[PDB]
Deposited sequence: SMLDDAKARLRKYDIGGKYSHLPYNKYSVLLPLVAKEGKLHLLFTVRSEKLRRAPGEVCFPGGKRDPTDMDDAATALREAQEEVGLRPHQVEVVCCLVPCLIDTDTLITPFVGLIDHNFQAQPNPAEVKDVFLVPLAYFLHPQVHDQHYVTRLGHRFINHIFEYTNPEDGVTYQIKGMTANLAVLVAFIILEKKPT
């Protein structure tokens, strides 16, 4: 099936816990995969205008590890629950992708999660201004704009709203699309 095929591809890129103990400032992100209308989509958040870092920008759910978290996957799930109301029984964490190094002292660990078909997002307005889906295939032929620095523009055909996706978020989206969609019979 489509979902069994996705998880089997993703598992080949799992680095597991190999880099998780190193002494960094630690953050995790959840890359949430949703099946709709026969195809896979990624779920994104628009950050609230009130936040200090990157107000109004597109990112994946996530945040800073705290002393309650059992492991880095726990950080990503705690934060996803707080931001969009995703409950633990509604996500299967399939793997841990390559971590992102920034600012010389920070390590961001990305997890890919498969989302239950009955989940519906409940954006928390203190943290999240908007939630939207993008079909995974978009990231193989994006609409690119140069600010020189590459920015993707995605327009939702439901309502005509345009979103800008850039930086680490855009880089991880492309990576997941390659893993799952490369070399597939039609």
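- Annotation: deposited residues 148-157 form the one stretch not represented by C-alpha coordinates in the model.
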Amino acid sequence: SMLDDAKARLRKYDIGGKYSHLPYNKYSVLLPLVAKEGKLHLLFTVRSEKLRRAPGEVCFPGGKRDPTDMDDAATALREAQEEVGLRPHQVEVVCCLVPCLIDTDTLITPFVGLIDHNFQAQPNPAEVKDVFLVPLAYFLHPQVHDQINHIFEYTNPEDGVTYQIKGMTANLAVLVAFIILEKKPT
From here on, numbers count along this sequence of modelled residues.
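The term rigid core refers to the most C-alpha atoms you can superpose between the two forms while keeping them within 1.5 Å.
- Averaged over structures and residues, the CA distance from the shown form in 8 other deposited structures of this protein after a core fit is larger for 46-54, of the two stretches 46-54 and 136-144.
- Stretches 61-69 and 48-56 differ in mean C-alpha B factor, with the higher average recorded for 48-56.
- For the pair 122-130 and 23-31, the record assigns the higher mean C-alpha temperature factor to 122-130.
- Ranked by C-alpha B-factor against the other modelled residues of its chain, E79 falls in the lowest third.
- In the PDB entry, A6 places in the middle third of its chain by CA B-factor.
- In the PDB entry, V144 places in the highest third of its chain by CA B-factor.
- Per the deposited record, the Cα B-factor of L42 falls in the lowest third when ranked against the other modelled residues of its chain.
- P110: CA B factor in the lowest third of modelled residues in this chain (values from the PDB entry).
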